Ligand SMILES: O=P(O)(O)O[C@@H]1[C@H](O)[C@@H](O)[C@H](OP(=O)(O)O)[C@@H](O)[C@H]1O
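Take a look at this one chain, the form deposited without the ligand, written out in structure tokens.
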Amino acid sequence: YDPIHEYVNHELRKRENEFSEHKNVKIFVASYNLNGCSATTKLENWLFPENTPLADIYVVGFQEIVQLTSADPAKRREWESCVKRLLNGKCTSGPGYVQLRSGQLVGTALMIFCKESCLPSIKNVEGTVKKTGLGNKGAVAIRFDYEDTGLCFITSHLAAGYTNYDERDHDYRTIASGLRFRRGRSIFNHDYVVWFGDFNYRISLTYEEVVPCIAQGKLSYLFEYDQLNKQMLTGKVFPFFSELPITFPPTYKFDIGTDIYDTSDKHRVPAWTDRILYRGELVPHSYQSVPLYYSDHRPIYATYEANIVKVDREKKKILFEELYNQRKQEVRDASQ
């Protein structure tokens, strides 16, 4: 410990704008449990929902690239190709989007695209995956630094089942402790973390209670029975993560191609299985489900503005040493 050092850091924080530049980066996070459906570029309502500018970074997580009952890189690549075509299709002028990196764990995949103009700012991209224990479930993660700001994105597909939220919570833990990039870097060592996907948490009511509530718009009531909200409130899972309020209906268990909830004999209870949570000072904007009908789940997305900092380390180390010496000198003269 050095008092003079603590001093300089305090002073330097006031003059930060002398060695730091701040920029806002638009991030679009999208998630979709495909139920094994085929790759397609017909995803406009999902990736360009708004009437807003294209994002700087698109982070897309898929679950069940192969429907669940051994990892298919080809299928994943088709989705990658479809997304890239869609993003670039919107860039009718100049440079478009490039795939930074993608990761895959069985049928769960994560792919990140950014505008080419963002590339020079993106560094130390690392990826990893972690399967769940207690299989085809788990997580895929990718992190990177945008200038001097660290970002980590995680998509996952957690334990299925109606009442087994204990297993889901264990999955959270297995993944949060088990995901390690290079040199043991963890997911928490970042300014912004977005963790999302098919967490599989359910609404703890029966099918007959839930369906008319959703038809009548009683989402708040249904939310009181949502397992994820319950487990997060207690801090057992996703501590320090926030979720924007949910204003869209349960994204799960639709007869394929229709607005209708599971009319199969299985009579699965609707649920908000698909979610996007964030940790850190991101500025959230939207959080919605989109009407795509290829799967028994609706896809969802969330948007964020992420403040980025670019620090001139040279200019900063100079002021530090300067303020440090001036202070060390002020201390010398005072002792005379």
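Just count from 1 along the sequence shown to find any residue number.
The form deposited with the ligand bound is left out here; the points below concern that form.
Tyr162 is the sole member of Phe223, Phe248, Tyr207, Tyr162 with a non-hydrogen atom lying within 4.5 angstroms of the ligand in the deposited bound form. Checked against the ligand in the deposited bound form, the candidates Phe196, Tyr252, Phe113, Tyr201 yield a single residue with a heavy atom inside 4.5 Å, and that residue is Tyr252. Interface residue remark: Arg268 is counted as part of the site for the ligand in the deposited bound form, having a heavy atom within 4.5 Å. Not displayed here, the ligand is approached by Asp296 to within 4.5 Å at the level of heavy atoms in the deposited bound form. Heavy atoms within 4.5 Å of the ligand in the deposited bound form are found in one stretch of 121 to 129, 181 to 189, 252 to 260, 239 to 247, which is 252 to 260.
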